[PDB]
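Here is the structure we will look at.
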Amino acid sequence: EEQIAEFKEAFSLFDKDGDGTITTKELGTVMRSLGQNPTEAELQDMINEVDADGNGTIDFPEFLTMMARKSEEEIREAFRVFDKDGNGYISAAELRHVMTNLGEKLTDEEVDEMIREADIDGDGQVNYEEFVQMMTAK
Amino acid sequence: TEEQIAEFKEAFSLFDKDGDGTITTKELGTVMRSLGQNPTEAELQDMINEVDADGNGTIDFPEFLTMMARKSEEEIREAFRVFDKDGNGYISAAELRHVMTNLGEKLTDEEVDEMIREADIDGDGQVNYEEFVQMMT
Amino acid sequence: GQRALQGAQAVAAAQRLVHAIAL
Amino acid sequence: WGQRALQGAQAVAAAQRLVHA
Amino acid sequence: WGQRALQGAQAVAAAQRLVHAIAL
Amino acid sequence: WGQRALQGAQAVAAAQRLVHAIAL
Ligand SMILES: [Ca+2]
Ligand SMILES: [Ca+2]
Ligand SMILES: [Ca+2]
Ligand SMILES: [Ca+2]
Ligand SMILES: [Ca+2]
Ligand SMILES: [Ca+2]
């Protein structure tokens with residue numbers, strides 16, 4: 001309920017026009033302020049994921065339900081732990097060292113496989129964004 | 001730090017909308033407006049002048065890096081969470097008194113009320129999360 | 001120092017949002 | 001793909017923070 | 001409000017986020 | 001990757017924040 005007041009302030013960032021719903025281009029303008037430039041197609045499937053009624057827009061109750069899914073920077077902290085040289089990439093060498101510290105008796109193949117599980121761009125290392133993708137994956 | 005200048009160029013680009021190299025007073029205004037705040041040209045000017053090392057009116061990348069070096073915003077949310085026991089979003093003089101007593105502070109009722117009315121801006125009698133970072137800065 | 005903080009406030013919220021919408 | 005959206009959103013919290021305090 | 005109280009409350013939370021992470 | 005590694009990594013940072021905050 002105090003939480004609803006905070007979520008109404010949060011919805012207002014997305015709902016520039018204040019009509020009660022978050023359109024696809026409203027998701028686009030906010031994404032663009034964060035430098036991300038997705039296509040109209042990408043914004044549509046992003047909304048469609050959290051569109052219970054399928055009306056194309058996300059209303060305040062739908063938005064509330066999504067926030068209730070579920071601290072969002074805990075991953076930032078974990079990544080900083082794994083990325084030892086602070087270069088922003090988790091090498092398989094760094095992961096191996098971190099697993100050994102936590103007592104994981106993981107072989108060289110298991111470590112390389114973990115790198116390949118989270119390496120989307122295929123650079124051989126897991127950057128922050130790749131780590132956040134793996135941490136926030138249901 | 002050498003690979004950190006990367007993450008600050010991504011942060012700087014967000015404000016330098018035109019990419020001329022400097023964040024003008026109106027470019028900060030547009031980023032602030034995207035965050036719901038609609039500050040005045042005067043409020044934006046004193047905000048830049050604070051982190052304007054040369055006083056030319058705009059922040060080039062080197063001044064921006066210098067400003068970012070100074071300091072701890074997400075750890076403040078944790079501290080507020082510690083003071084606010086009942087989770088109501090407001091720190092009562094009672095909540096502050098208990099947290100001070102737990103930490104060994106021999107603070108009298110007046111010292112505690114003075115800390116409350118010190119961070120009390122809207123006169124809510126309580127130290128809101130906002131009101132708390134305003135004094136934490 | 002009021003408008004100033006209210007900015008850093010809303011951002012904390014925008015990232016909790018683009019997190020859930022985005023994931 | 002989109003977690004880079006919250007990375008930037010994460011960085012903007014810090015930049016805003018010291019652009020005034 | 002003074003540094004000792006602000007950093008002490010943060011240290012308590014730190015101990016808290018420690019026992020909580022240690023749960024899993 | 002294993003919840004064991006992800007939560008352990010967060011617990012290390014918390015011990016860190018703990019020591020650093022204890023320093024005041
Ligand atoms: Ca709308
Ligand atoms: Ca809907
Ligand atoms: Ca590395
Ligand atoms: Ca990669
Ligand atoms: Ca500019
Ligand atoms: Ca300059």
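Residues in the structure tokens are named by chain (A, B, ... in the order shown) and by number from 1 within that chain; ligands are numbered from 1 in the order shown.
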Exercise answer, 10 Å around ligand 4 with only C-alpha atoms and all ligand atoms, as a ChimeraX atom specification: /A:88-91,115-116,118-131
What does chain E look like after a least-squares fit onto chain F on every Cα paired in order, written as a short mmCIF file (atom, residue, chain, number, x, y, z; two decimals) with C-alpha atoms, in the first residue's frame?
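Listed below is the output, out_24.cif:
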```cif
data_model
loop_
_atom_site.label_atom_id
_atom_site.label_comp_id
_atom_site.auth_asym_id
_atom_site.auth_seq_id
_atom_site.Cartn_x
_atom_site.Cartn_y
_atom_site.Cartn_z
CA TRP E 1 25.34 -21.20 -12.69
CA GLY E 2 23.69 -22.64 -9.65
CA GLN E 3 22.37 -21.14 -6.43
CA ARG E 4 25.25 -22.15 -4.15
CA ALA E 5 27.83 -20.17 -6.14
CA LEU E 6 25.61 -17.11 -6.62
CA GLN E 7 24.67 -16.87 -2.99
CA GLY E 8 28.20 -17.66 -1.82
CA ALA E 9 29.68 -14.78 -3.80
CA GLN E 10 26.99 -12.51 -2.36
CA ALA E 11 27.90 -13.75 1.15
CA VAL E 12 31.54 -12.86 0.55
CA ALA E 13 30.59 -9.37 -0.52
CA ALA E 14 28.40 -9.21 2.56
CA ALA E 15 31.29 -10.03 4.76
CA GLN E 16 33.22 -7.38 2.88
CA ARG E 17 30.62 -4.62 3.20
CA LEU E 18 30.57 -5.59 6.91
CA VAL E 19 34.26 -5.13 7.59
CA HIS E 20 34.17 -1.92 5.58
CA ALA E 21 31.31 -0.42 7.45
CA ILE E 22 32.94 -1.53 10.67
CA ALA E 23 35.90 0.67 9.71
CA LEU E 24 33.92 3.78 10.59
#
```
Expected selection as a PyMOL selection string for ligand 2 within 6 Å, only C-alpha atoms and all ligand atoms: chain A and resi 51-55+57-59+62
Limited to N, CA and C atoms, could you put the picked residues into a file as a PDB file, in the first residue's frame?
```pdb
ATOM      1  N   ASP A  51       1.348  -8.601 -20.395  1.00  0.00           N
ATOM      2  CA  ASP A  51      -0.013  -8.195 -20.788  1.00  0.00           C
ATOM      3  C   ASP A  51      -0.977  -9.339 -20.481  1.00  0.00           C
ATOM      4  N   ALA A  52      -1.646  -9.262 -19.334  1.00  0.00           N
ATOM      5  CA  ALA A  52      -2.578 -10.324 -18.979  1.00  0.00           C
ATOM      6  C   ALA A  52      -3.817 -10.318 -19.876  1.00  0.00           C
ATOM      7  N   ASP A  53      -4.348  -9.123 -20.177  1.00  0.00           N
ATOM      8  CA  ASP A  53      -5.551  -9.017 -20.998  1.00  0.00           C
ATOM      9  C   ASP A  53      -5.215  -8.988 -22.472  1.00  0.00           C
ATOM     10  N   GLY A  54      -3.969  -8.705 -22.835  1.00  0.00           N
ATOM     11  CA  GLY A  54      -3.644  -8.659 -24.244  1.00  0.00           C
ATOM     12  C   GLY A  54      -4.223  -7.452 -24.945  1.00  0.00           C
ATOM     13  N   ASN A  55      -4.434  -6.360 -24.221  1.00  0.00           N
ATOM     14  CA  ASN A  55      -4.978  -5.171 -24.849  1.00  0.00           C
ATOM     15  C   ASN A  55      -3.900  -4.367 -25.546  1.00  0.00           C
ATOM     16  N   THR A  57      -1.479  -2.682 -24.088  1.00  0.00           N
ATOM     17  CA  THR A  57      -0.919  -1.725 -23.184  1.00  0.00           C
ATOM     18  C   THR A  57      -0.951  -2.336 -21.810  1.00  0.00           C
ATOM     19  N   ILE A  58      -0.098  -1.830 -20.949  1.00  0.00           N
ATOM     20  CA  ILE A  58      -0.014  -2.295 -19.576  1.00  0.00           C
ATOM     21  C   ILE A  58      -0.624  -1.236 -18.668  1.00  0.00           C
ATOM     22  N   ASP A  59      -1.760  -1.561 -17.999  1.00  0.00           N
ATOM     23  CA  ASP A  59      -2.438  -0.663 -17.050  1.00  0.00           C
ATOM     24  C   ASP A  59      -1.804  -0.775 -15.675  1.00  0.00           C
ATOM     25  N   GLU A  62      -2.028  -4.293 -14.015  1.00  0.00           N
ATOM     26  CA  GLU A  62      -1.152  -5.275 -14.639  1.00  0.00           C
ATOM     27  C   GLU A  62       0.288  -5.036 -14.254  1.00  0.00           C
TER      28      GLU A  62
END
```
Proximal residues of chain C relative to chain B (only C-alpha atoms; 12 Å) as a VMD selection string: chain C and resid 1 to 15
Nearby residues, ligand 1, 10 Å, only C-alpha atoms and all ligand atoms, as a list in words: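 Selection of residues at most 10 Å from ligand 1: residues 11, 12, 13, 14, 15, 16, 17, 18, 19, 20, 21, 22, 23, 24, 25, 26, 27, 57, 58 and 59 of chain A.
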Polymer residues at most 7 Å from stretch 104-116 of chain B, only C-alpha atoms, same-chain spacing of 3 or more positions, as number ranges by chain: B: 93, 97, 100-101, 119-120, 125-127; E: 1
Just to be explicit: take each residue in the selection above, keep N, CA and C atoms, and write the result as a PDB file, in the first residue's frame.
```pdb
ATOM      1  N   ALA B  93      10.700   8.982  15.850  1.00  0.00           N
ATOM      2  CA  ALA B  93      11.687   9.291  16.870  1.00  0.00           C
ATOM      3  C   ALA B  93      11.915   8.081  17.740  1.00  0.00           C
ATOM      4  N   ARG B  97      15.460   6.385  18.276  1.00  0.00           N
ATOM      5  CA  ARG B  97      15.957   6.236  19.634  1.00  0.00           C
ATOM      6  C   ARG B  97      16.423   4.809  19.876  1.00  0.00           C
ATOM      7  N   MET B 100      19.642   4.066  18.006  1.00  0.00           N
ATOM      8  CA  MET B 100      20.771   4.728  18.657  1.00  0.00           C
ATOM      9  C   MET B 100      21.191   4.002  19.937  1.00  0.00           C
ATOM     10  N   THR B 101      20.214   3.627  20.768  1.00  0.00           N
ATOM     11  CA  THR B 101      20.495   2.889  21.998  1.00  0.00           C
ATOM     12  C   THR B 101      21.158   1.542  21.701  1.00  0.00           C
ATOM     13  N   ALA B 119      16.376  16.263  10.149  1.00  0.00           N
ATOM     14  CA  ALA B 119      16.142  15.724   8.821  1.00  0.00           C
ATOM     15  C   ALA B 119      14.699  15.935   8.369  1.00  0.00           C
ATOM     16  N   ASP B 120      13.855  16.551   9.208  1.00  0.00           N
ATOM     17  CA  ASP B 120      12.439  16.823   8.926  1.00  0.00           C
ATOM     18  C   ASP B 120      12.281  18.097   8.100  1.00  0.00           C
ATOM     19  N   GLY B 125       7.246  14.961  11.041  1.00  0.00           N
ATOM     20  CA  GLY B 125       7.510  14.380  12.324  1.00  0.00           C
ATOM     21  C   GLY B 125       8.284  13.108  12.217  1.00  0.00           C
ATOM     22  N   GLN B 126       8.465  12.616  10.999  1.00  0.00           N
ATOM     23  CA  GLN B 126       9.164  11.382  10.739  1.00  0.00           C
ATOM     24  C   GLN B 126      10.204  11.600   9.661  1.00  0.00           C
ATOM     25  N   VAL B 127      11.251  10.779   9.678  1.00  0.00           N
ATOM     26  CA  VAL B 127      12.313  10.900   8.684  1.00  0.00           C
ATOM     27  C   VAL B 127      11.993   9.958   7.546  1.00  0.00           C
TER      28      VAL B 127
ATOM     29  N   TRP E   1      23.551  13.964  11.956  1.00  0.00           N
ATOM     30  CA  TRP E   1      23.222  12.679  12.580  1.00  0.00           C
ATOM     31  C   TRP E   1      24.470  11.929  13.004  1.00  0.00           C
TER      32      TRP E   1
END
```
All alpha helix (DSSP H) positions in chain F, as a PyMOL selection string: chain F and resi 3-21
One-decimal distance in Å that lies between atom CA of residue A:73 and atom CA of residue D:1: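 Atom CA of residue D:1 sits 17.6 Å away from atom CA of residue A:73.
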Do me a favour and pick out the residues of chain D within 9 Å of chain A, using only C-alpha atoms, as an mmCIF file with C-alpha atoms, in the first residue's frame.
```cif
data_model
loop_
_atom_site.group_PDB
_atom_site.id
_atom_site.type_symbol
_atom_site.label_atom_id
_atom_site.label_comp_id
_atom_site.auth_asym_id
_atom_site.auth_seq_id
_atom_site.Cartn_x
_atom_site.Cartn_y
_atom_site.Cartn_z
ATOM 1 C CA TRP D 1 19.633 -7.713 -24.852
ATOM 2 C CA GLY D 2 17.566 -5.876 -22.393
ATOM 3 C CA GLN D 3 19.555 -6.441 -19.283
ATOM 4 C CA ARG D 4 21.793 -3.780 -20.796
ATOM 5 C CA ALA D 5 18.755 -1.602 -20.268
ATOM 6 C CA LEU D 6 18.979 -2.046 -16.530
ATOM 7 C CA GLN D 7 22.703 -1.685 -16.604
ATOM 8 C CA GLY D 8 22.319 1.816 -17.955
ATOM 9 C CA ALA D 9 19.463 2.335 -15.593
ATOM 10 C CA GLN D 10 21.768 1.239 -12.857
ATOM 11 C CA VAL D 12 22.078 6.581 -14.140
#
```
Atomic separation - atom CA of residue A:65 relative to atom CA of residue A:49, Å: 12.1 Å
Could you report the residues within 6 Å of ligand 5, using only C-alpha atoms and all ligand atoms, as a compact mmCIF listing (two decimals) with N, CA, C and O atoms, in the first residue's frame?
```
# COMPACT_ATOMS: atom_id res chain seq x y z
N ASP B 16 24.94 13.60 -22.42
CA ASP B 16 25.39 14.38 -23.57
C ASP B 16 24.58 13.94 -24.75
O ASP B 16 25.03 13.22 -25.63
N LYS B 17 23.38 14.46 -24.78
CA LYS B 17 22.46 14.04 -25.80
C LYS B 17 23.00 14.37 -27.20
O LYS B 17 22.92 13.52 -28.10
N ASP B 18 23.55 15.57 -27.42
CA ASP B 18 24.08 15.87 -28.75
C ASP B 18 25.44 15.23 -29.09
O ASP B 18 25.75 15.07 -30.27
N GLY B 19 26.24 14.84 -28.09
CA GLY B 19 27.56 14.22 -28.28
C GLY B 19 28.68 15.19 -28.60
O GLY B 19 29.76 14.77 -29.01
N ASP B 20 28.48 16.47 -28.27
CA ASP B 20 29.41 17.57 -28.47
C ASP B 20 30.56 17.51 -27.49
O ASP B 20 31.53 18.26 -27.63
N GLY B 21 30.42 16.69 -26.47
CA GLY B 21 31.41 16.50 -25.45
C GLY B 21 31.03 17.08 -24.11
O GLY B 21 31.58 16.65 -23.10
N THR B 22 30.05 17.95 -24.04
CA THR B 22 29.73 18.53 -22.75
C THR B 22 28.25 18.41 -22.46
O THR B 22 27.44 18.38 -23.39
N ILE B 23 27.90 18.32 -21.17
CA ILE B 23 26.50 18.26 -20.73
C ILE B 23 26.09 19.69 -20.40
O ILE B 23 26.49 20.25 -19.38
N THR B 24 25.29 20.27 -21.30
CA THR B 24 24.81 21.63 -21.15
C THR B 24 23.73 21.66 -20.11
O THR B 24 23.17 20.64 -19.72
```
Could you list, as a tab-separated table (two decimals) with N, CA and C atoms, in the first residue's frame, all protein and nucleic acid residues with an atom at most 12 Å from ligand 6, counting only C-alpha atoms and all ligand atoms?
```tsv
chain	number	residue	atom	x	y	z
B	20	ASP	N	28.48	16.47	-28.27
B	20	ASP	CA	29.41	17.57	-28.47
B	20	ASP	C	30.56	17.51	-27.49
B	21	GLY	N	30.42	16.69	-26.47
B	21	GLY	CA	31.41	16.50	-25.45
B	21	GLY	C	31.03	17.08	-24.11
B	22	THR	N	30.05	17.95	-24.04
B	22	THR	CA	29.73	18.53	-22.75
B	22	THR	C	28.25	18.41	-22.46
B	23	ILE	N	27.90	18.32	-21.17
B	23	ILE	CA	26.50	18.26	-20.73
B	23	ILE	C	26.09	19.69	-20.40
B	24	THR	N	25.29	20.27	-21.30
B	24	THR	CA	24.81	21.63	-21.15
B	24	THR	C	23.73	21.66	-20.11
B	25	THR	N	23.36	22.87	-19.72
B	25	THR	CA	22.31	22.97	-18.72
B	25	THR	C	20.98	22.41	-19.24
B	48	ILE	N	25.04	22.13	-11.97
B	48	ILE	CA	26.26	21.97	-12.78
B	48	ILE	C	27.41	22.73	-12.15
B	49	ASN	N	27.16	23.96	-11.71
B	49	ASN	CA	28.23	24.76	-11.11
B	49	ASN	C	28.88	24.02	-9.95
B	50	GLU	N	28.14	23.14	-9.27
B	50	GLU	CA	28.79	22.40	-8.19
B	50	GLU	C	29.86	21.45	-8.72
B	51	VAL	N	29.59	20.74	-9.80
B	51	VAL	CA	30.55	19.80	-10.33
B	51	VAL	C	31.25	20.38	-11.56
B	52	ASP	N	31.26	21.71	-11.68
B	52	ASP	CA	31.91	22.44	-12.77
B	52	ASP	C	33.22	22.90	-12.16
B	53	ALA	N	34.29	22.15	-12.43
B	53	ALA	CA	35.59	22.49	-11.87
B	53	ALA	C	36.18	23.78	-12.47
B	54	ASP	N	35.97	24.03	-13.79
B	54	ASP	CA	36.49	25.22	-14.49
B	54	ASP	C	35.57	26.44	-14.50
B	55	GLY	N	34.27	26.24	-14.28
B	55	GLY	CA	33.22	27.26	-14.31
B	55	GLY	C	32.82	27.74	-15.69
B	56	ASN	N	33.02	26.92	-16.71
B	56	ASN	CA	32.66	27.27	-18.06
B	56	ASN	C	31.17	27.03	-18.35
B	57	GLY	N	30.42	26.43	-17.41
B	57	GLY	CA	29.00	26.17	-17.55
B	57	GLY	C	28.60	24.77	-17.99
B	58	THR	N	29.52	24.02	-18.59
B	58	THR	CA	29.26	22.67	-19.05
B	58	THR	C	30.27	21.72	-18.45
B	59	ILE	N	29.89	20.45	-18.39
B	59	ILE	CA	30.76	19.40	-17.84
B	59	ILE	C	31.32	18.55	-18.97
B	60	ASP	N	32.63	18.62	-19.17
B	60	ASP	CA	33.25	17.79	-20.16
B	60	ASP	C	33.50	16.44	-19.53
B	61	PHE	N	33.95	15.45	-20.30
B	61	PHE	CA	34.19	14.13	-19.71
B	61	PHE	C	35.15	14.17	-18.53
B	62	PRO	N	36.28	14.91	-18.56
B	62	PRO	CA	37.16	14.86	-17.38
B	62	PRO	C	36.54	15.38	-16.08
B	63	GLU	N	35.72	16.41	-16.15
B	63	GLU	CA	35.08	16.87	-14.93
B	63	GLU	C	34.11	15.82	-14.42
B	64	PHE	N	33.44	15.13	-15.35
B	64	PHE	CA	32.49	14.08	-15.00
B	64	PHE	C	33.20	12.94	-14.32
B	65	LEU	N	34.34	12.53	-14.85
B	65	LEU	CA	35.04	11.46	-14.16
B	65	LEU	C	35.43	11.91	-12.76
B	66	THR	N	35.93	13.15	-12.62
B	66	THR	CA	36.33	13.63	-11.29
B	66	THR	C	35.18	13.63	-10.30
B	67	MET	N	34.01	14.04	-10.75
B	67	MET	CA	32.84	14.04	-9.89
B	67	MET	C	32.46	12.63	-9.45
```
